[PDB]
């Protein structure tokens, strides 16, 4: 009772750090949370979608990815699953994947680093 809470991981990046760095480094980037029905309010040419999921969700992720790729977005992903078999996620349609901690690696990506796999 009395104010229940939630914690999830979704730890593969640090949001606060990400927003902080985008702010401090004067990058041109807009980070927003999104439900799949949300977009395309955003042009795929200018838009990157980042994914985090468990070993589950793999069937609907595989579906959402193929759709979003058909609509010509850029897809990156991280989290507990992506850490193990990042190659599958790459063969799943993701453009760039991030194993382990991707807090620093994601910033390198936004700054132009094109690696298919960012180690963590």
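Residue numbers count along the first chain shown, from 1.
Per-stretch averaging of Cα B factors for 82-90 and 42-50 places 82-90 on top. 91-99 and 54-62 differ in mean CA B-factor, and the higher of the two is recorded for 54-62. In this PDB entry, residue 116 carries a Cα temperature factor that places it within the lowest third of its chain's modelled residues.
Among all modelled residues in its chain, residue 13 ranks in the middle third by Cα B-factor.
Residue 71: CA B factor in the middle third of modelled residues in this chain (values from the PDB entry).
Among all modelled residues in this chain, the alpha-carbon of residue 110 has a temperature factor (C-alpha) in the lowest third.
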